[PDB]
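A single chain, nothing else alongside it, follows as structure tokens in the form whose entry title says "open conformation".
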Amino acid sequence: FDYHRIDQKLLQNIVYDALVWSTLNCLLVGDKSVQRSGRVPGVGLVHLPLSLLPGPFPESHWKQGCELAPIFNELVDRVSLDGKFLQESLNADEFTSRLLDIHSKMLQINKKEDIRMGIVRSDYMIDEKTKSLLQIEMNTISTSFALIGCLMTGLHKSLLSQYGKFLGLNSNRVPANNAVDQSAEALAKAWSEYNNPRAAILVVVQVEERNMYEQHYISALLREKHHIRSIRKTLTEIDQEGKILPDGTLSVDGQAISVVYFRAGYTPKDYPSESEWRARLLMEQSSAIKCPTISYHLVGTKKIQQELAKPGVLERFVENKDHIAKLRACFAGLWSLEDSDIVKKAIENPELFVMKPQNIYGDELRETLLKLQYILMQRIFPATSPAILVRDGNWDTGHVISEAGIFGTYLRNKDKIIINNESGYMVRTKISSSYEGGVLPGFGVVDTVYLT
């Protein structure tokens, strides 16, 4: 539990076994210290920064997270259908306006689109004040670590099967994890639904990609288990090598494409020029099934996510009131500054709130608000646990917080729901902020959880 209290020489032994297991099972990324490692496979590898042993996490809250996956998949789909709400909700960012311009084009064009799909991830923290599972992000596009998360389950299970009796820990409390398998399953099923067995899956990847093995592992599952071919291209390669055939088919680099799996294009930095925007548009207009579509990408935007957490909004996209209960239970309170909602703007207890754009804490929060002569939200107070953190072959102790991402997969064809699944998980673990760490990284370490 307090892993800091385990004998140092024993910890070295466990760390050595982890570094071994990591290499044998490709828990590896290109080393950012090595020049070509985000471009040339096979060179400059290092194990992922990782937490040695999983931190605890209540089984009741784990289950709540499980339950919510398919309910989130369905919300994301319904919200994406409401073009007017998306357009109306979304003033000043250039990138979001560029995405809205594509969405507006699609609204104009008004093409059928019977087949829709998502590979998404809802991220949660446990909150100490309330003792509640709270959602901190909904990731609707290009979500990573389906392989990484499920290799971490493999690792932690392996370590606990050897060192756990002594430690009083049982590997069967690390939840089972099928994430990467479920990912490729959803892509394979969408490729089948399209029913063009001559087509490949296109994966859209970044120019520099030191997590390329995850994507190759997927393509491998596609090739070997599912018998589907795939190709990888950057948005600019697509602009250069892509076109729409007479029947609407996407063709890239000579190959018919039935599914566009995005592992890029979620960030402004992936669109350095008009080339990348042309590609995004081309692909959206074509008949290929996108994973996901532009309206889905819009749904995970910050402003949309904030909107849904306001009074009665969520309630426009969900009719099952048990689902609305479960959703609202994981939503951190959020408010418009104006009216205040019942004037909890009247704030005396600013330690309990946060202001966010579309952050301001404590006293700065209190001043800002002044009883006025961007939104207000419930402050979250995370759980801490003593971790062992292993990075570039070395280890140290740290007190950390953790954020559990629960993947969802979804696939439908008209009104037929083909997949709507909780699809495994990942965990991101970070040194506290009350210690030498904070928020300012390379992006913590990977982890799992230990139920209850």
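One rule holds for the numbers: they count along the sequence shown, beginning at 1. Only the largest set of C-alpha atoms that superpose within 1.5 Å between the two forms is called the rigid core.
There is also a form whose entry title says "closed conformation"; it is not shown, and the following applies to it.
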(message) Core-aligned, between the shown form and the other one, one residue among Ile109, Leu81, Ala325, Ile342 moves its CA by 2 Å or more. Tell me which.
(response) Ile342
(request) Take the rigid core as the frame of reference and indicate whether the C-alpha of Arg173 shifts by 2 Å or more between the shown form and the other one. (result) no
(message) Taking the rigid core as the reference frame, tell me whether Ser434 has a CA displacement of 2 angstroms or more between the shown form and the other one.
(response) yes
(message) How about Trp191 - superposed on the rigid core, does its CA move between the shown form and the other one by 2 Å or more?
(response) no
(request) Mind checking the CA-CA distance of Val439 and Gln12 in that other deposited form? It differs by 3 Å or more from this form, so is it closer or farther? (result) closer
(message) A 3 angstroms or greater change in CA distance between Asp341 and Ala309 is reported in that other deposited form. Closer or farther than in this form?
(response) farther
